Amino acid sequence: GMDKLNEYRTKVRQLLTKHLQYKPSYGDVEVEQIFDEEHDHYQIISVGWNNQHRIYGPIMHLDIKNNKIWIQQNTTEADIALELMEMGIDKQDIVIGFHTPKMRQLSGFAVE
């Protein structure tokens, strides 16, 4: 409950920090961490330029809400669900946030 919380925080932060180790091979982009433990919102974000195209946008965003990990955004090829389960997180404590609640009843994880 608080131990599940602390495990999920650890594991969410590890997974996101892992994915901080790479960045696009185009331009002058920095990849940054925005971790808010008070509200349990965890984001990694691209900020920079490709010449005079402004590059700006979350790559990956995971929330912890009611003892579950909500995947709010993933712009990568990675399967973050499968990477969370590979860290020993139960498939039913994972919500795909960018699926509608109806889509969620079908796509294999927790509806909420």
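Residues carry their position along the shown sequence, with the first being 1.
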- Could you check the entry and say whether 83-91 or 46-54 has the higher mean CA B-factor? 83-91
- Message: Quick check on the deposited entry: does the C-alpha B-factor of residue 102 sit in the lowest, middle or highest third of its chain?
- Response: lowest
- Going by the recorded CA B-factors, say which third of the chain residue 77 sits in, lowest, middle or highest. lowest
- Item | Lowest, middle or highest third - CA B-factor, residue 26 | highest
- Task: Would you mind checking where the Cα B-factor of residue 96 ranks among the modelled residues of its chain, as the lowest, middle or highest third?
- Result: lowest
- Note on the structure: residue 16: C-alpha B-factor third of its chain, per the entry, is the lowest
